[PDB]
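What follows is one structure encoded as structure tokens, with my remarks underneath.
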Ligand SMILES: CC1=NC(NN/C=C/Cc2ccccc2[N+](=O)[O-])=NC(=O)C1
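Residue numbers (PDB author numbering), protein chains in the order written: chain A, 1 to 93, 98 to 214; chain B, 2 to 214.
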């Protein structure tokens, strides 16, 4: 979990606006005008687009604006263009990072994920494995976050999630798996997979059977 | 205003690699606010060095930073698979005066071939009540990151409704993928079994599941 809190994702068609938030404490965001925003194209070096909450370096157009209210800073991108499709990170100066927001300029219609939660198979149990798998298919944009629950409360370790890939129907698919031991699986009431895409969250629950 | 890094560098497990960040006398040369960041593809960046040489809490002493004139260096000793990532330098001069290097892709050489774990899941109770019978074949812990998948209905090849994700690198430094077959309840219930066959480096592994009793 990132020292600063940014929504995972955001999207618009060309010419639309997107606003993205970055929340900290009075110790960082809420005490000093030292919030920066970075634009990073997958594979490339980051570009500084805002510093000290609101300042644009030279070459950064006025489409990009930065504001701060109490313990939360926002970056607004107006008139979205192709080239604005990237990862956006905030920071606060020691130095604290947000977890990043994937900003998509819609290349096709939005599609909500199909989510299927599989309990452990017979065969893997007899190998002392209780890996759960949350299959997430047929979504756009190709940005998703997965949380896992044990009973009525969050779980931490175990969780792996694949990088979403574009399938034959031109929508994205990914897999989140929780590598449980049979003892962990058999000793809880239920486990749950929570899939967040385009600000809506889907929950699936499974429990052990006989 | 950019800093200059070599685009690529490599080393063997247990060995060192040194990577440079060349600035001017007014960025790197003009102050000791040189940072280094580690970034795994798809992930947020992590600060590993600030003020030329200082490690944040939780960064091992395998990572060391120095500076000589307008060039700053990062050394990673005891190279491990987790160290395979992009490394960026920055220099900070107070205003808009934050400058970045273009990044160095650090490869850890000689990661050993690893065969996949293959786990095949029959349809969940919940999707069957929702008139769906998708199967998933989880393929994890393999290296290198190329697999081919084939499905069978009973003994017969399946040629339609198969999708396999592009293998991605997970936190154990090995590749995972999923192959899913989107059957109807009627297709699932009318066959004796479905099988997923995973081929990796010319070796083949097959799993079979059957409608439950
Ligand atoms: C001294 C100060 N240092 C910094 N460093 N910011 C570093 C940011 C680095 C970053 C951001 C987004 C994506 C990738 C990366 N990366 O370097 O890998 N920001 C400040 O305001 C002040």
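The beta-carbon is built from N, C-alpha and C at its ideal position, and this holds for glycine as well.
In the three-state DSSP reduction, residue 139(A) falls in the strand class (E or B). Put simply, of 163(A), 198(A) and 204(A) the residue whose alpha carbon is nearest the alpha carbon of residue 185(A) is 163(A).
Under the three-state reduction of DSSP output, residue 87(B) falls in the strand class.
Residues are counted here when their Cβ sits less than 8 Å from a Cβ of chain A; for the segment 130-145 of chain B these are 133, 135, 137, 139 and 141, given in chain order.
Distance from residue 209(A) to residue 177(B) at the Cβ level is roughly 23 Å; contact not present, criterion being Cβ atoms closer than 8 Å. Cβ-Cβ separation between residue 125(B) and residue 121(A): approximately 6 Å, consistent with a contact (criterion under 8 Å).
With a cut-off of 7 Å, the C-beta of residue 57(B) is classified as distant from ligand 1, since no heavy atom of the ligand falls inside that distance. At a threshold of 7 Å, residue 8(A) does not count as near ligand 1, since its beta carbon sits no closer than that to any of the ligand's heavy atoms. If the five residues before and after residue 50(B) are omitted, its C-beta is found closer than 7 Å to the C-beta atoms of 36, 37, 56, 64, 66 and 75, all from its own chain and listed in chain order.
For residue 130(A), no alpha helix (DSSP H) run applies, since DSSP gives it neither H nor E. Under the 8 Å criterion on CB atoms, residue 154(B) is classed as non-interfacial with respect to chain A. For the pair of segments examined, the segment 89-102 of chain B was found to touch the segment 11-25 of chain B: the number of CB pairs separated by less than 8 Å reaches three.
Of all alpha-carbon atoms in 114(A), 40(A) and 197(A), the one lying nearest the alpha-carbon of residue 103(A) is that of 40(A).
Across the set 86(A), 61(A), 62(A) and 109(A), the C-alpha of 109(A) shows the shortest separation from the C-alpha of residue 14(A). Exposure of residue 207(A) is indicated by the presence of fewer than 16 other C-beta atoms within 10 angstroms of its C-beta. Interface residue (Cβ-Cβ distance to chain B less than 8 Å): residue 86(A) is not classified as such. Note that the segment 135-154 of chain B does not touch the segment 145-158 of chain A; fewer than 3 beta-carbon pairs, one per stretch, sit closer than 8 Å. In its chain, beyond the 5 residues on either side, 210 have a beta carbon closer than 6 Å to the beta carbon of residue 123(A). Less than 8 Å separates the beta-carbon of residue 148(A) from that of residue 199(A).
For residue 188(B), the enclosing alpha helix (DSSP H) has its first and last residue at 186-191. Taking all protein chains in view, the Cβ of residue 117(B) is crowded by 16 or more other Cβ atoms within 10 Å, so the residue is classified as buried.
Closer than 7 Å to some heavy atom of ligand 1: that does not describe the Cβ of residue 32(B).
Residue state for residue 60(B) is assigned as coil, using DSSP reduced to three classes.
Put simply, the backbone Cα of residue 194(B) is about 26 Å away from that of residue 142(B). Residue 131(A) sits exposed, since fewer than 16 C-beta atoms from the chains shown fall within 10 Å of its C-beta.
Non-local beta-carbon contacts of residue 138(B) in its own chain, meaning distances under 6 Å to residues more than five positions away in sequence, involve 121, 180 and 197 in chain order.
Annotated as proximal: residue 86(B) and residue 107(B), with beta-carbon spacing under 8 Å.
In the three-state scheme derived from DSSP, where H, G and I count as helix and E and B as strand, residue 3(B) is classed as coil. The contact set of residue 122(A) on chain B, defined by CB atoms closer than 7 Å, consists of 122, 125 and 137 in chain order. Under DSSP, residue 19(B) forms a beta bridge with 76(B).
In the structure shown, the three-state DSSP call for residue 203(A) is coil. For residue 95(B), the closest alpha carbon among the candidates 10(B), 9(B), 61(B) and 28(B) is that of 28(B).
Residue 31(A) and residue 205(B) have their alpha carbons spaced roughly 59 Å apart. In this structure, residue 158(A) has its CB at a distance of at least 7 Å from all heavy atoms of ligand 1. When the alpha-carbon of residue 47(B) is set against those of 4(A), 190(A) and 68(A), the nearest one is in 4(A). Ranked by how close their Cα comes to the Cα of residue 79(B), the residues 115(B), 58(B) and 18(B) have 18(B) in first place.
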